[PDB]
């Protein structure tokens, strides 16, 4: 179609499959293996990207151009890498990925949404879709085209450090929340074939259903461990939301570090090729987790030659190396040259990668849109996060006896009130893991409103608000307070650091609640990624709210405390009486919860 130097794959009017096949046919082995290689920005340079024909870059947790970087700085970084990739012989644009898992959370000033467990409490898939939409905008504000979300793990044991990344222990709730996908990517057309990838265009991002499969089913909630369950159970609990993801055109699937009945997912041909590709008809690309192929072996990295063979033969398409790319490319090249990995396998991997790139418009818009920068931290998105935080809250108790006046909602006008606890004025703590840093952090790490700040913004001007992080009993009794709001809970964590066999909150937390509630009527706000031992907190408190990890918009909490809205959240997980009961999930034989899945008290708006 019509100039003399015409190249079909560069023609935006041509069908995606025609463009894919036209480009594939022109590629060298080096160019093909390059496409299959994803590297950290930390090891990327223009020469590296060009010389190795690199297909993808990522920012892992906390991998940022600098602390406090603006949206424009991110765009300029991504564009710099893209300019190198576009300078190769074939000019294949790279795709840049990041964990935008509760907003564009590595980025300073990005709206931080509640983590997934709290989103499960909302039972509101349309809310989650709108969060996906807002997240896509804030990711594109930074020039990034690809989000490693949603985590559709079904966490079956809250001792797991990623339980907060799971919408629920109930697969039906996880299935419902796959609405994140068309939020991130755009809605698929009416004709759409389940398993095809889809992204609407330059204001949307490629999504990633992760981590395939059974990441939430590991023994004792040990992160990356073995999931011991028969096929029927894997298919009934851990797999269903992957089919919903196929139906919604999820562009990519990331493989789990975990094993199923002793077989590493990163080496499981039956599940990756036999099931995901051949049965579910997935036609996007399958990506490893970071050093996932290394961890096939024990010790990890002890036979990288085998790691490459096993993973690529299993059906993985793109390898999140993410650092030692030279070794990866060299070994894979050697395996192909020696006939150990057939060219058909390479061509399939590259077909899938290119399919996603062409489909999403990446060849047409390889560079960032500077007009999108202002989407970052946009007030409308914060208003959405505030709605989500409020809807996520689960009221567990509202009065010590059935005959007491209900404490909540609290009055906005009172002479003097107390706000207390380690989590009352700590933005990092209310965001939890995957916020600015990989593991999260403490204090004022980004733009947001803490619980204290939200209280001050809510109350009548005549209301005096006193803050004390850890007041003693005498301070509270002598203070002339009308009531107190006390916020305590878990510190930020991610992945194995969050694995926890005792699930008791750090001190001081309970001691502060006891001191405050002993002196004045108190509403306890519990910040956690999961159910934790809660009977002692309940015994002390007039009212208690499970607020999960509500994100940057602390006014979501006070919107419910002061009755602007009624409490509506319902537990998306079983609340255990004791960790000795675990695992214990709804539908089990000996089900003996402190609070069952679905429990939640309500209030009416005042």
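Positions refer to the first chain, counted from 1.
Across the two stretches, 248-256 and 221-229, the PDB entry reports the greater mean Cα temperature factor for 221-229. Across the two stretches, 61-69 and 574-582, the PDB entry reports the greater mean Cα temperature factor for 574-582. Taking the PDB entry at face value, the top CA B factor among 507, 165, 387, 289 belongs to 507. Ranking 524, 305, 426, 494 by Cα temperature factor from the entry places 305 first. Among the modelled residues of the chain, residue 28 sits in the highest third by CA temperature factor in this PDB entry. When all modelled residues of the chain are sorted by CA temperature factor, residue 371 is found within the highest third. Residue 209 sits in the lowest third of its chain by CA B factor, as recorded in the PDB entry. Among the modelled residues of its chain, residue 189 has a C-alpha B-factor that falls in the highest third according to the deposited record.
When the CA B factors of the chain's modelled residues are split into thirds, the value for residue 439 lands in the lowest one.
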